[PDB]
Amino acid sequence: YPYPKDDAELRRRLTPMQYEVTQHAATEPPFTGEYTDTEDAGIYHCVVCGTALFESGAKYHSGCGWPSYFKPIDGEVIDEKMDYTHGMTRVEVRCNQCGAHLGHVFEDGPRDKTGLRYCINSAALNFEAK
């Protein structure tokens, strides 16, 4: 990943939750994150490197307990990786710029659009109102 890893800096800047989620692939509990029900127009950026990841227009009501989007901003900004942790087989999503853990993508999304549910930790993101 191109964005330079600087852990001491990350630990100074990121909150405990932001750090654990993005660097240790922790998961914010459902219905506890800042952006779960956010509907404001704007752009969701990687909390680590600042790259634009998701638009508000791609955000939808999943009822799952995390920010959820049916597509990322383009096909290059997300890295996908198989995830075998926690007794499950899933598809992890990461920031392609810095490698931050963002969440998981599932095939139960909007049937009338992409059919994809990008399920993202609020603590992996920072919202730019726009």
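We number the residues from 1 along the sequence you see.
- Looking at 121-129 and 2-10 together, the entry lists the larger mean B-factor for 2-10, computed on C-alpha atoms.
- Legend: mean Cα B-factor per stretch from the PDB entry, 28-36 versus 71-79; the higher mean is in 71-79.
- Taking the deposited Cα B-factors for 58, 53, 100, 88, the highest one is held by 88.
- Split the chain's modelled residues into thirds by C-alpha temperature factor. Residue 47 is in the middle one.
- The PDB entry assigns residue 41 a C-alpha temperature factor belonging to the highest third of its chain's modelled residues.
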